[PDB]
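Participant:
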Amino acid sequence: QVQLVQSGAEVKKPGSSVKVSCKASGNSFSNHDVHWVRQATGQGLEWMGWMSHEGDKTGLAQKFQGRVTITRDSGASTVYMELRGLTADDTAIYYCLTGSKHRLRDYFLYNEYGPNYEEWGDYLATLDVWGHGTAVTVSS
Amino acid sequence: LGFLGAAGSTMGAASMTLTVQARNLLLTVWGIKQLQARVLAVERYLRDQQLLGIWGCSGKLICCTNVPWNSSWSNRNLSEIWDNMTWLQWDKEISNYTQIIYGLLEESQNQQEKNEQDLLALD
Amino acid sequence: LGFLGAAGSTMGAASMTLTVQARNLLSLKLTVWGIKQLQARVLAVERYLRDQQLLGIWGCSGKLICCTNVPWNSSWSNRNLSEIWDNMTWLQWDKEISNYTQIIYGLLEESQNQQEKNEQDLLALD
Amino acid sequence: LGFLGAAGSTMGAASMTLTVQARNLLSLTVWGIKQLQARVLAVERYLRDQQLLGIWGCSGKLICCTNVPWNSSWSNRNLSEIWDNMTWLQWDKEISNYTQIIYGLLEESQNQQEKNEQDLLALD
Amino acid sequence: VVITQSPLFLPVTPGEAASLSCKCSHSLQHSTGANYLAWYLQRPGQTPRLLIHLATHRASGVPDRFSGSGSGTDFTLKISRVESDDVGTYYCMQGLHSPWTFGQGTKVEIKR
Amino acid sequence: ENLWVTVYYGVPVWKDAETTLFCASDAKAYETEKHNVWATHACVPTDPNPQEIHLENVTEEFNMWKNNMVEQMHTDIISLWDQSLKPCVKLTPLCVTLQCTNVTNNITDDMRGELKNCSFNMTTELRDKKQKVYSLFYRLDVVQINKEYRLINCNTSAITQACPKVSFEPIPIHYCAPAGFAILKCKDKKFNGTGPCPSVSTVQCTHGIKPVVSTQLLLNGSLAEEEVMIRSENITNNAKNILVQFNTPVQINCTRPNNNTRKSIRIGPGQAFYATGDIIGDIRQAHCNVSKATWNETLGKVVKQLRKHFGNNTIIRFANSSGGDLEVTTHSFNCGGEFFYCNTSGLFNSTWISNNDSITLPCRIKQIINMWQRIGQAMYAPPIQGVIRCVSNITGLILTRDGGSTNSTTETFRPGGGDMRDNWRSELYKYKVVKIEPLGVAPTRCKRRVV
Amino acid sequence: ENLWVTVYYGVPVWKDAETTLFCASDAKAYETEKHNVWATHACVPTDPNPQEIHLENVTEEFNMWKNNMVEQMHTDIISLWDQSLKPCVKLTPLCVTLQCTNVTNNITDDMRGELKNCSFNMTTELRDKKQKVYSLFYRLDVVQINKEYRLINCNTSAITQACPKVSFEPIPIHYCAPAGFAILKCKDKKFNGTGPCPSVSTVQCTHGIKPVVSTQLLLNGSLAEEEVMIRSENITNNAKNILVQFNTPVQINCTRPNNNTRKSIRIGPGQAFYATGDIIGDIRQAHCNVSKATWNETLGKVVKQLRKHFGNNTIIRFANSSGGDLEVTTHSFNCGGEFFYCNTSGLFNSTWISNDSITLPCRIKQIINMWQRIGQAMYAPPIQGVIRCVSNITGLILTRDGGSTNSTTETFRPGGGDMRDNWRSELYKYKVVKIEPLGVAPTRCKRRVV
Amino acid sequence: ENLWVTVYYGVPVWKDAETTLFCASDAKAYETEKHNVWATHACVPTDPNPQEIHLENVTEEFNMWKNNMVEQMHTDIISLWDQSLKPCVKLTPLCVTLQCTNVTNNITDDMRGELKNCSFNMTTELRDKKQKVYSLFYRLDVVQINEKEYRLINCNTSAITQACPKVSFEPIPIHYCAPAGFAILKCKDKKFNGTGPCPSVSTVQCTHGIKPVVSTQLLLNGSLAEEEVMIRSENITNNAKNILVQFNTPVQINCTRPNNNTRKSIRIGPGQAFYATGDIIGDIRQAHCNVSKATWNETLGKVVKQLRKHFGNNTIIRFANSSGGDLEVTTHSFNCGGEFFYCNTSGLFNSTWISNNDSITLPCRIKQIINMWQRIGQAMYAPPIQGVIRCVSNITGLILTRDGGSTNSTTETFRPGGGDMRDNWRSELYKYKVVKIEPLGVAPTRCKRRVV
Ligand SMILES: *[C@@H]1O[C@H](CO)[C@@H](O[C@@H]2O[C@H](CO)[C@@H](O)[C@H](O)[C@H]2NC(C)=O)[C@H](O)[C@H]1NC(C)=O
Ligand SMILES: *[C@@H]1O[C@H](CO)[C@@H](O)[C@H](O)[C@H]1NC(C)=O
Ligand SMILES: *[C@@H]1O[C@H](CO)[C@@H](O)[C@H](O)[C@H]1NC(C)=O
Ligand SMILES: *[C@@H]1O[C@H](CO)[C@@H](O)[C@H](O)[C@H]1NC(C)=O
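Residue numbers (PDB author numbering), protein chains in the order written: chain J, 1 to 52, 52A to 52C, 53 to 65, 68 to 82, 82A to 82C, 83 to 100, 100A to 100R, 101 to 118; chain F, 520 to 545, 568 to 664; chain B, 520 to 546, 566 to 664; chain E, 520 to 546, 568 to 664; chain N, 2 to 27, 27A to 27E, 28 to 108; chain C, 32 to 141, 150 to 185, 189 to 309, 312 to 321, 321A, 322 to 398, 411 to 506; chain A, 32 to 141, 150 to 185, 189 to 309, 312 to 321, 321A, 322 to 398, 412 to 506; chain D, 32 to 141, 150 to 185, 185A, 189 to 309, 312 to 321, 321A, 322 to 398, 411 to 506.
Here it is, written out as structure tokens:
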């Protein structure tokens, strides 16, 4: 079981940004997909974003465009997430979890005298073991 | 006076148009074919002129040789040979004795008379 | 002497270099240089052969110098024969008679060689 | 009776097979291209020899008398010795080193002059 | 593509079987015939655990009292002989189309 | 006293022989503009004064289906066509899978299902970028993959096409005698394919012959001098094509009433490809007009000629085509730079017994072509913009005679014989290549003068 | 008594005609190395005695700009160039977009941005694998698609690059007329391009001419015998090119001061491609040097010869190029197997009235379009090390600005971007005519009656 | 005695010269069946009875290995191979990564690992579809991608194409014929040294047929030695020169590829048919060859007898297998039935010779991709051939090398080597020399020309 470390609970003022940190032992980010999920008490889970294990692709839920950026250290031993513009309704439990995906050619074209034109896509297989999570809340 | 007009006359009368007959003897697919055709024409003319030179009547449209031809090939009087048959059909008649005629006309007369012309020029 | 030595010599003086002029009348593989050289050899062969054919038809073959017996109507020239020999080059000669040439070819062929083979046939009749 | 048969005969006996030897002097695949090249080569050399024969005036002759003398510095054998006991082959080895001189002498000293003299004789 | 879950809550008598259902706007089968569905149960104060996956088999270590059914746009999760330790909130997972979302959820509690 | 032989040189010989025909063109009149496949932009020009020479008192033998200039020129044409196609760019990437739909609206009710609109996944000239392009396709050119469609020839040899500026219009050609060789022609107005000809003539160099390609009807052919000639290798044998040659022309009009446009497409770096853009105006089926009365009188003359080899009471029936490959089912021609396939069954639905003014035929367009009977090559017809219109002379027919016909009655015929060798025979039947052997021998009174 | 026409044979005859010229090279000296682009595998060796004889009493009509041997030259050289280009590798794979950077390595401040570090995900030997490879490129060979660069010549004919073993150094080529044809040359050192030549000679084969490729001034050419000469078939027509031929050479150096490093990568099986490797040391501009005082003294001599065709006291001025395609805009030439371009504007900044070295910056291009053709394109292989070039200037090609009034204040400009006039500069002395040994004349003989 | 020279033409002259050979075949006998590489589409037919002509009183020299027909004909076959392989398709797509398995079904235990069943991800003729395709391959033609993944052995070399299978590789006799104005000198001496004059000479217009046999250690289907087994080299003292040996009497060798191959057809693209070997029927057996033993002793003993003439004839003479290196010279190769074989002749050279049951079997290898000739700029894939291959051939000569460092004129040793095809072609063409006829000539005489 790869140990996962998350940032502690934090209270932040309305209309201001918040950042969290995340860790995994063994530098397993190179082999597992980085993921983020938010959930409030009594409400269903909400996907925030992902990095591929290669660190070559990033993505976000359409609700969080322009408010979330995802960074990692050299060697991808840790991953970081920054949130911007939190209000009182952004209070929830924020989670780390590794992931695994399927990489398949979505379209292709053989080339006799050149490289095969290829369109590749990532298809997440399942959500791996979750981290203990982080709690962030907004109050005056 | 047209080209190949003598075939319409007897073979005896055909000898008038000999000069007329001798006059016209001389990177795309068409270009390659043109090259091949020109080479073939040159080869054919030069092979014929090789015959003429070897037998010493070269440069002559008319030549009388010393070899006697041998009557079994065509037992006919010269006059009706000349005034009845065209050269086309008489050649058709004389068609398989051609190589024998070539060999005799080569060896029996030309090379020999040449040896005796050197012998005469010795004195 | 070298080639084309008689170019400025008079017509009579040009007759000394005829042999000199005649000495050079005839003198991947798919590369274009080789293609061109093959073409050139073929062309030279063809032209030399045509010249020899014409000479053989006129019956003075094997001769740099011959003399036919054919007459000509003198409107083609404007001067004395010794003048022709002396006071111009062949080049002015040719420019002067450049335009009766085909007539001359035809007359040299027919008016003499056909008739002469006729008399030699008459002779061979005996 | 065969081709080249004079190779073991003397210069004197060689003259019988001149005709036998002169019989065959003329007679997008790469093979076909080479065929074309060989045909052209044979044609041009045959015309080479005939041009030499014609410029010298033995046209239609394999053997032909001349008006050209020679310096004897070129050969030092009696005529019977060279003709009746020497192969034309070894003779060619012997005579190989003056051939250009004989060609020039033959081509100009006698032929051009004799053509001019034929003209002079014709004039009258 | 959307996901809904029913019932919102299900009181259960102990020892009696119960079922939960979730439906989606598009069929969950794949052109290869594969189905990408996973049901999860979270105990309050604990993270969710996989119960069934791909709508065909139970996850390893899941009690055999669990079962599933459904195809196309309709799927169900049925549990036999309900015992008190299954109380929590349940969710079914959709894995065919990006973005992948959870259903609104159903909660099972002991009737009282 | 006894005669001796003498050497005669230059005497005219006729020897049956074959050599390669020398290309020729009419003074290179086309050389002012580019470009022509059948002219290669140039051949050796010829003088306008070749002089046919009559051969009085001369007869000579001809043998059609045995003369060889025909197949010589056949391989000449195959070589020239391949040479013209070679510099052009291949169209191999085109048969990536196509999503297609039927053309709708602004259509003639008789067009339904003829044209299809398809799109591509096909890439850009940059190997790392893709694009979506579309073009209008005929139904006959494409086939379903199992709606989705694929180009029909990507389970045979590949398809290549470029060089659209090069014209396919035919040019007069002279197959002009090599030196030492001659061309002779029969002067008889009516002459069998074989046998001696009572009056013959020779030319130094041939007449203008067109390289046109036609399947069921002879086009731009020379007129028969007096009457509609019927020729074949053997009339009794049904495996031999029956040649029909008109002595009077029969005009035929054809057109593509559709106003067409073209879209240039870049597939690779510097390789332009052309596709058929959306047609302007209503769609109308291509069709051909011929005159009704002229066709009837011409076929009456044809059946009168047919009666010569048969019993005079035999019923002459003409029939709908036999089927098979489309190139022998329908009449085909290329005029205007584009290929056609027309229903000639209407022209041959009639019978003949002893003792308004025009006709129109539905016709077909195919832009994917397998020329001759080759399998290893294929090409694409470039779109041509606007309405094309061609007028041409129908000058002959290529027919086959059905088997059976027991008890010598009710003879029937159907079009066939898709071999263009027969067309080129139909034009070249006048000529034969012969060999001149100038040397010869003969007896005489000459005995050689001593010394 | 009356005269009769005789027939002669062997009489020397000349007809203004054209045939394909022989190939001839000096003793096949190129055969020792494999091989020159023009000399190739084989050509006919030269005669050891290329004998020529002055023709007594002959003046001959010569016509520069009308001889067709120069067109044969143009066609044959294009044919040879494509012949050498043909058995080489296409580089259609290179059209893939390249991620590029503005790299410097102790660069001089006047080249910042002239070189780009471009990488692309490329091709492997195996179809199913890809790899990332970088190489250094000149900015003028690439273009922004809308940084990412694409090489400039992908929206035109395809690009091919291979076969570095062939040599681009000119070799003198001699030409011999076909047998039955002859070569005529003018012995007048002051001869015009056209008109009668008072003193003439004929030769079996022409002298050697190197297939020099230049666009603004002549190189490696023959020197004028006595004085600088200016030629143009019609000086009044300003759209026509003006020939300038020096009688004294003008030495010119050109170099690329840095070493070059090379790397090679495989497009696929048998697909060797050479790429410019990373370049070490201070990075400096290719440039050419010419002496100042000589550049006057030759230009002043040119002006003195120039005044012959115009009225006295006419003002003469030179200026920098009016623009256009870069080939005519800047002077281009190949040395060390590599193509160059230089801003020759500095050496025309002068004026002329009645009565120690110059340094020129230069530019490098690798994707090159031969002559004016657009249907072919190639990549120049990198040349290792510092290229050093010593060369002679033997002439210039000029154009005359039109207009003006009162026949004064003439201004000239480089031009004539056709190399046709480059080979004309050497070929102008020569013509080939047709010899028909046959002749006729009257005489006093009659053929003997037999 | 004031003699004058006189012109003779047609006189017999030889001049050492080289020109292009003239292709020839007896009446184009290859036309009976299509299609053959070495006979090509067409060649000039020749008379079945060339007129050989004995030159009596004649001696002349044949400097062997100086003759240029060999190099000219070497270039000819290189060109012919290239032109036969130009039209047919390329095979760059094959060496995508291969998933291979470990053939153990119906296999003889002496051969485990010779054949691999590999699968890969090449596409169809459709530009946007792929297909899973499998085929068996000999281990000699493949390598592991890493230290398993497999790749074709020659992709990091030059390009690879398929020999399109319609045209056979069988040799046909090729006749070399003199251009006009040439003749082909031929020796008659029955023991004629590779260099030096030949006591009796004959010439022909046109030569007999020679099979373009491709072999590496043994001379095959060659002309037999006329009287005795005989040995030639440029200089026997220089061991860098190959040692040519010609057998007096032939030794028959049987070779078969004993297994049923099956073949399958795969579409690569439009108009691109590909062939690969399907599953083999029956137990798999190594291909091999058969040769007699006492006859092998007999030929080798005769070789020793003739070798003793160039040495002190009490010396020890020993053979051993090749010193190694590239298999093209380490192993013997032949192409019978249109397929490539490499056979371990090491057993043929396990013997010693001193002063004063009936058969031998040899294992053979199989490869499909070939680096033909000594070129490295091309690689070609031979078709799989269905059924059991069978060849019967004549062994007519040897090519050997002699080890250096020998001292005191004892213990002379030899190994097979010199695999350059030029040596076989010398061994076949050693009887001929192209020569020039110069018919013109001059000579003195008593003739003086007539006065003009
Ligand atoms: C488009 O036109 C084609 C024919 O041009 C129609 O093809 C029909 O397809 C159905 C279903 O596969 C078949 O049952 C018919 O037999 C086909 N018709 C013919 C003539 O073959 C197709 O239905 C048309 N599509 C639309 C949307 O109109
Ligand atoms: C030719 O005749 C004219 C007129 O009689 C004469 O004046 C002239 O001198 C002659 N020509 C020569 C060269 O003597
Ligand atoms: C295949 O067989 C060879 C020996 O025949 C052996 O070295 C190799 O390990 C085998 N591979 C497998 C996967 O068993
Ligand atoms: C090999 O050769 C000799 C004679 O050639 C023979 O006697 C000897 O026994 C042979 N060796 C074997 C193993 O038979």
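From the three backbone atoms N, C-alpha and C, an ideal C-beta is built for every residue, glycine too.
Give me the Cβ distance between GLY458(D) and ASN280(D), rounded to the nearest whole Å; I'm assuming they're in contact under 8 Å.
Facilitator: Counted from its first residue, the eighth sequence places residue 458(D) at position 404. Counted from its first residue, the eighth sequence places residue 280(D) at position 239. The pair is a contact, with the Cβ atoms about 5 Å apart (cut-off 8 Å).
Participant: Taking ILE595(F) as the query, report the chain C residues whose CB atoms sit under 9 Å from its CB, ordered along the chain.
Facilitator: Taking the first residue of the second sequence as position 1, residue 595(F) is located at position 54. What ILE595(F) touches in chain C: nothing, since even the nearest Cβ is about 12 Å away.
Participant: Would you call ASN607(E) buried or exposed, if buried means 16 or more other Cβ atoms sit within 10 Å of its Cβ?
Facilitator: On the fourth sequence, position 67 is the one that residue 607(E) refers to. Buried, because 16 or more other Cβ atoms sit within 10 Å of the Cβ of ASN607(E).
Participant: Leaving out the 5 sequence neighbours to the left and right, which residues in its chain are closer than 8 Å to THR244(C) when beta-carbon positions are compared?
Facilitator: Here residue 244(C) is taken as the residue at index 202 of the sixth sequence, counted from 1. So the qualifying residues of the chain are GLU83, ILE84, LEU86, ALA224, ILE225, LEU226, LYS227.
Participant: Starting from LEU587(E), find everything on chain B with Cβ-Cβ shorter than 8 Å and list it in chain order.
Facilitator: Position 47 of the fourth sequence, counted from the first residue, corresponds to residue 587(E). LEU545, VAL583, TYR586, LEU587, listed in chain order.
Participant: Using DSSP's beta-bridge definition, name the partner residues of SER158(D).
Facilitator: As a working mapping, residue 158(D) is identified with position 119 in the eighth sequence. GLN130(D), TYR173(D).
Participant: Would you mind telling me which residues of chain J sit closer than 9 Å to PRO124(A), beta carbon to beta carbon, in chain order?
Facilitator: As a first step, residue 124(A) is located in the seventh sequence; it is residue number 93 there, counting from the start. Per Cβ cutoff of 9 Å: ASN100G, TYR100I, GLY100J, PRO100K.
Participant: How long is the line joining the alpha carbons of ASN137(D) and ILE322(D), rounded to whole angstroms?
Facilitator: Taking the eighth sequence and counting its residues from 1, one reaches residue 137(D) at position 106. Taking the eighth sequence and counting its residues from 1, one reaches residue 322(D) at position 280. In a straight line, the C-alpha of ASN137(D) is about 9 Å away from that of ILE322(D).
Participant: So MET80(J) is in the beta strand (DSSP E); what residue range does that whole segment cover?
Facilitator: The residue labelled residue 80(J) in the question sits at position 81 within the first sequence. Run containing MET80(J): 77 to 82C, per the beta strand (DSSP E) assignment.
Participant: Using a Cβ-Cβ distance cut-off of 8 Å, determine whether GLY600(B) contacts chain E.
Facilitator: Numbered from its first residue, the third sequence carries residue 600(B) at position 62. Chain E contact via Cβ: present.
Participant: Tell me whether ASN33(A), by its Cβ, gets closer than 7 Å to a heavy atom of ligand 2.
Facilitator: Looking up residue 33(A) in the seventh sequence gives position 2. No.
Participant: Counting pairs of Cβ atoms below 8 Å between the region 344 to 364 of chain C and the region 173 to 182 of chain C, do you hit three or more?
Facilitator: No: the two stretches stay apart, fewer than three of their Cβ pairs being nearer than 8 Å.
Participant: By the 8 Å beta-carbon criterion, what residues does the region 110 to 134 of chain D contribute toward chain A?
Facilitator: Those residues of the region 110 to 134 of chain D that come within reach of chain A (Cβ to Cβ, closer than 8 Å) are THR123, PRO124, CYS126, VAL127, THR128.
Participant: Can you tell me whether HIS330(C) is helix, strand or coil according to DSSP?
Facilitator: Here the question's residue 330(C) lines up with position 287 in the sixth sequence. In the structure shown, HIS330(C) sits in a strand (DSSP, three-state: E or B).
Participant: So, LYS46(D) versus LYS490(D), is the Cβ gap smaller than 8 Å?
Facilitator: The residue you call residue 46(D) lines up with position 15 of the eighth sequence. The residue you call residue 490(D) lines up with position 436 of the eighth sequence. A contact, by the Cβ cut-off of 8 Å.
Participant: Applying the criterion that 16 or more other CB atoms from any shown protein chain within 10 Å of the CB defines a buried residue, is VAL583(E) buried or exposed?
Facilitator: To locate residue 583(E), count along the fourth sequence from 1; it is residue 43. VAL583(E) comes out buried.
Participant: Is the Cβ-Cβ distance between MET426(C) and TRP112(C) less than 8 Å?
Facilitator: Your numbering for residue 426(C) matches position 371 in the sixth sequence. Your numbering for residue 112(C) matches position 81 in the sixth sequence. Yes, the pair counts as a contact, with Cβ atoms nearer than the cut-off.
Participant: Can you list the residues near ligand 2, meaning Cβ strictly closer than 6 Å to any non-hydrogen atom, in the order they appear in the chain?
Facilitator: My final list is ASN618(B), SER620(B), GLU621(B), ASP624(B).
Participant: Label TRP100P(J) either buried or exposed according to how many other C-beta atoms from any shown protein chain fall within 10 Å of its C-beta, with 16 as the threshold for buried.
Facilitator: One-based indexing of the first sequence puts residue 100P(J) at position 120. That one is exposed.
Participant: Consult DSSP for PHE29(J) and reduce its assignment to one of helix, strand or coil.
Facilitator: By one-based count along the first sequence, residue 29(J) stands at place 29. Of the three classes helix, strand and coil, the one that applies to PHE29(J) here is helix, per DSSP.
Participant: Along the beta strand (DSSP E) that carries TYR586(E), what are the first and last residues, could you check?
Facilitator: Walking along the fourth sequence from the start, residue 586(E) turns up at place 46. Note, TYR586(E): premise wrong, no beta strand (DSSP E); alpha helix (DSSP H) at 570 to 596.
Participant: Tell me, please, whether the CB atom of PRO493(C) is closer than 8 Å to any CB atom in chain F?
Facilitator: Taking the first residue of the sixth sequence as position 1, residue 493(C) is located at position 438. Closer than 8 Å: yes.
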